[PDB]
Structure formats: C-alpha cells, structure tokens
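Visitor: Top to bottom, those sequences are chains A and B.
Add 153 to the 1-based position in the first sequence for PDB author numbering, that's all there is to it.
Add 204 to the 1-based position in the second sequence for PDB author numbering, that's all there is to it.
Where a beta carbon is used, it is the ideal one built from N, C-alpha and C, also for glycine.
To start, I am sharing the structure in question, which I have written as structure tokens.
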Amino acid sequence: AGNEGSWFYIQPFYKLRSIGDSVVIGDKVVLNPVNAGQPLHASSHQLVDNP
Amino acid sequence: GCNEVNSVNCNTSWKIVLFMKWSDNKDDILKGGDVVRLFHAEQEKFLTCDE
C-alpha cells in the first residue's frame, strides 16, 4: 500500500552518531507511523500455531 | 637545572625532527602533537581520570 504510516521514523539515535550523516551498517531506530508513531514493541506475545 | 641560551660567544648544536606537516596541520585531524581531552565514552559521559 505504501500508505501513510510507512513512512519512517526519522532514523538514528543512541549517542554515537547524530542525525545529518550517512549510516551504512550498524543498528537503528526504524519506522514510525506518521500517525505518531514510534516507539515500538519487542514483545513476549504470540500464539499457538508457532513457538 | 634550568639554564638557557643567548647572545654570548658559544657554539651549539640544535634542531629537531618529524613534527607536524603542511598536510596534517589544517585542520582538526588528530592533532597528534597537541591532542586534547581524554574521552571515549558516549554514555552521556566523557570519562577522564582524577585522583
């Protein structure tokens, strides 16, 4: 759909490495909805069809 | 001992060696001959030693 919410969260954080530059490989803060939309789950929440 | 050098009759050897270049001197770089404050640390902190 490529619709409203995706769209990403403006995408850095931590400390190393402020916004306004190139990140190649590392680890990152990924998407938000425009509707707010971050933060995000890590979860311990699933059902029976899978472990 | 804390002598010095000027004016009066006396021959003397001098000079130095590999220190700074037209390359390194400008700018920021790692100013190796004149490095400044110790810190790695980005944990909102810039640690450095004290007694």
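Just the Cα atoms here: how many angstroms apart are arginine 241 (chain B) and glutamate 255 (chain B)?
Guide: Rounded to the nearest angstrom, the two C-alpha atoms are 17 angstroms apart.
Visitor: Please classify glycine 236 (chain B): does DSSP put it in a helix, a strand, or coil?
Guide: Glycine 236 (chain B) falls in the helix class under three-state DSSP.
Visitor: CB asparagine 185 (chain A) to CB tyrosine 162 (chain A), shorter than 8 angstroms?
Guide: In contact: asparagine 185 (chain A) and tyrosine 162 (chain A) (Cβ atoms closer than 8 angstroms).
Visitor: Are the CB atoms of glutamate 246 (chain B) and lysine 168 (chain A) nearer to each other than 8 angstroms?
Guide: Contact: yes.
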